[PDB]
Amino acid sequence: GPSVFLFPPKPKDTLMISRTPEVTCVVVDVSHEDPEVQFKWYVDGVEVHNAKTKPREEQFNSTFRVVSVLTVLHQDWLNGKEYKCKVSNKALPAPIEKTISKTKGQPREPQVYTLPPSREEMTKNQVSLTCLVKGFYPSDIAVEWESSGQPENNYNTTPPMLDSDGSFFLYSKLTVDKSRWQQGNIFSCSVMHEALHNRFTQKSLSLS
Amino acid sequence: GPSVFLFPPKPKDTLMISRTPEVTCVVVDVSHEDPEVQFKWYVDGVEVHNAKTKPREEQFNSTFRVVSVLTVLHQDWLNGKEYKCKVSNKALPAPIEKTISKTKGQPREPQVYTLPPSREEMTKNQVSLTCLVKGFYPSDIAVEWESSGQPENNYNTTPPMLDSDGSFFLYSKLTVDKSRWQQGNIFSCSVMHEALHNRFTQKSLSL
Amino acid sequence: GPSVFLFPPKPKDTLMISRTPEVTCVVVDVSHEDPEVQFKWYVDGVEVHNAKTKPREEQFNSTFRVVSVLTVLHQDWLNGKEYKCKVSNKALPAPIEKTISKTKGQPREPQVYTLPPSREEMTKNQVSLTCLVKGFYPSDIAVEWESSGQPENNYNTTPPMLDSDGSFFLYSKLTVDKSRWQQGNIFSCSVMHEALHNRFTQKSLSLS
């Protein structure tokens, strides 16, 4: 029978009110004999009607994929409210229900560090700048290499590896041509996260 | 039916002078009705028998996994010699051949960069010294913080991501108490790689 | 009857992978009645077939000299693996076997010191600079007077003479006309050795 997957909204969408966060319920392996899929949506057990079902799409295995989206309230998502998707399809023995909420775990304020390039790296054409974002939880975050609060041309961001502190860390590799760094630009790495003051922080960088 | 995968030697095997690299040919999904798998190995198309076929292994899907390995020489691997694995099995429609050599693409001498800790990082008890390794190609790499050209060890290593220069980069997160950085330790970092002098170069850092 | 000599590869060839190190088996005093010499080669007792026999050459004593060369692996030579040459000739009562490996003895990191010329030597046309390479063992080494890592015009290298520390030392006499030194050029003695990090170290020198 078909299977159902439920995706969270983008972190920024949950943190920026001028944005709309939504959860996405994806149903795969729906059969052609019974392609109709009913979606019912609930926020912490209360049915809401601002959810919408996306068009059904046939998959490589000759089954249908059916998706429903529920708009979620900023307050509901950031406070960790639970959003339930109910999926019904005749190729299912029982309706499938899936719940999602703000990515599980206690929020942690990201510690944003901007590691300068190696002194020996000035002999090379292009130097790397290194936004260490550590001590942040959940992975719902935005990490924002910048100059003086204005995002940068080129950063090659590592995965959220776990740091020496049990948080996620990543490096955003703000890789900059030698003149940019050597001249002492005030780069900055900003980071957007629920646990930050402003849900948004800015930690600068310059030849130092 | 069966599938064959041919793996290069471990990067440090190809890159550490003291090591002997070998290539490993893995065959999965060999059937039980015809479990016999023939491995023939070739170096630059010439069949060799210093290659060895590993034991057949039953997968949970009621198939067999069969593996053969061929030792490769430092200069041979680094000079791009081609090592070919020929796999035959009756559950295959035809024999499957795979060849492996130094990972194809322009080699680049790794630029080894003990990046200093962030000024912003001095607020914490511990700071990260990052041995950026950039400008290297292939990903066939080994990375190694150091001090005075001798190793350091609380380095994380990121993946060989792509760098802006069209190479791989990775960051080697040595992470250390703030005092070590502020005290002006002569750290270093080595990187072992085919394009390097002695395939191994070391770059130092200190405050 | 004939005699056999086995020579090691050049140190640099063993330390630079982009180089190929080889061992050379030399057979002298081979007779003219039986000039044919068979060479068999083994690496740590395992016969290899990437060895080659050089052309036979008649010596001053009216005997033949026959030579065989075996390419050696970087790993094999630097790890001290043993390479055996088997020599057969009818003018021999029994085959002659000779083994060679990385020059015998415990590796020691070369200490590279660049001694400036005498203060009184500026009164003379041309001053000497003194690359003291000490604490290095074995003699498999490359010693490299330079400027800033780029080899120099004129160093009169003094022998591997044993030092106060039981290593070989040598000077390399980077003799330089007075203006080069007096102006404070960053000369440099580098030194390549198995015991060095990178098998290769670089030391500056300047008027100091």
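Chain A is annotated in the PDB entry as FLJ00385 protein (Fragment) of Homo sapiens. Within the Protein Data Bank, this record goes by the title "Hexameric human IgG3 Fc complex".

Going by what the PDB entry lists, chain B is known as FLJ00385 protein (Fragment) and is assigned to Homo sapiens.

Q: For the side chain of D76(C), give the residues involved together with the corresponding values.
A: Within the secondary structure layout, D76(C) lies in helix α2 (residues 74–78). Setting aside anything within four residues of it in sequence, one finds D76(C) in contact with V43(C), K81(C) and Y83(C).

Q: I'd like to hear about the pairing of strand β11 (residues 141–147) of chain C, residue by residue, with values.
A: Residues and elements named next belong to chain C. In terms of burial, β11 is largely enclosed, as seven of its seven residues are buried. Both faces of β11 are covered, namely the face carrying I141, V143, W145 and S147 and the face carrying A142, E144 and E146. Note: β11 against strand β17 (residues 187–193), seven bridges, orientation antiparallel. By the bridge assignment, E144 is partnered in β17 with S190. Relative to strand β12 (residues 150–151), β11 runs antiparallel, the two being bridged by two bridges. Bridging across to β12, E146 finds its partner in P151.

Q: Give a detailed account of the nonpolar core, specifying residues and quantitative values.
A: For soluble globular proteins, nonpolar side chains are generally found buried alongside one another. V23(B), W41(B), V87(B), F39(C) and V87(C) are the most contacted members of the largest nonpolar core, which totals 55 residues. Counting 24 residues, the second-largest nonpolar core is a separate cluster that includes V4(A), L6(A), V43(A) and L70(A).

Q: I'd like a description of the sheet that holds strand β3 (residues 37–43) of chain C, backed by residues and values.
A: All names here are of chain C. Taken in spatial order, the four strands of this open sheet run β4-β3-β7-β8, and their pairing is antiparallel. Strands at the two margins of the open sheet, each flanked by one partner only, are β4 (46–48) and β8 (96–100). Taken over all neighbouring pairs, the strand axes of this sheet differ in orientation by 30 degrees on average, direction set aside. The pairing of β3 with strand β7 (residues 83–89) spans seven bridges and is classified as antiparallel. Bridging from a neighbouring strand, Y42 pairs with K84 of β7.

Q: So what about the sheet that holds strand β8 (residues 83–89) of chain B? Which residues, and what values?
A: All names here are of chain B. The four strands are arranged β4-β3-β8-β9 in an open sheet whose pairing can be described as antiparallel. In this open sheet, the two strands that pair with only one neighbour each are β4 (46–48) and β9 (96–100). Strand-to-strand, the axes of this sheet are offset by a mean angle of 30 degrees, without reference to chain direction.

Q: So what about the interface of chain B and chain C? Which residues, and what values?
A: In this complex, chain B contributes 16 residues to the contact, which on the side of chain C involves 14 residues. Elements with a contribution of two residues or more to the side of chain B that touches chain C: α2 (74–78), β16 (187–192) and β17 (200–205) of chain B. Ranked by residue count, the leading element in the side of chain B that touches chain C is β17(B), at three residues. Within the side of chain B that touches chain C, the residues separate by chemical class into five nonpolar, nine polar and two charged.

The rules behind the values
- Residues numbered from 1 in each chain as written, not as in the entry; some residues may be left out.
- Chains lettered and ligands numbered in written order.
- Part of a larger assembly, values for the part shown.
- Heavy atoms only, no water.
- Residues with missing side-chain atoms left out of burial classes, pairs and counts.
- Helix = DSSP H or I, 4+ residues; strand = E, 2+ residues; numbered from the N terminus.
- Contact = heavy atoms within 4.5 Å.
- Buried < 20%, exposed > 50% of the residue type's maximum accessible area, 1.4 Å probe, protein only.
- Pairing = 2+ DSSP bridges.
- Core = buried A, V, L, I, M, F, W, Y, C linked by side-chain atoms within 4.5 Å.
- Axes fitted to C-alpha atoms, helices over the stretch in contact; angles between N-to-C directions.
- Nonpolar A, V, L, I, M, F, W, Y, C, P; charged D, E, K, R; others polar.

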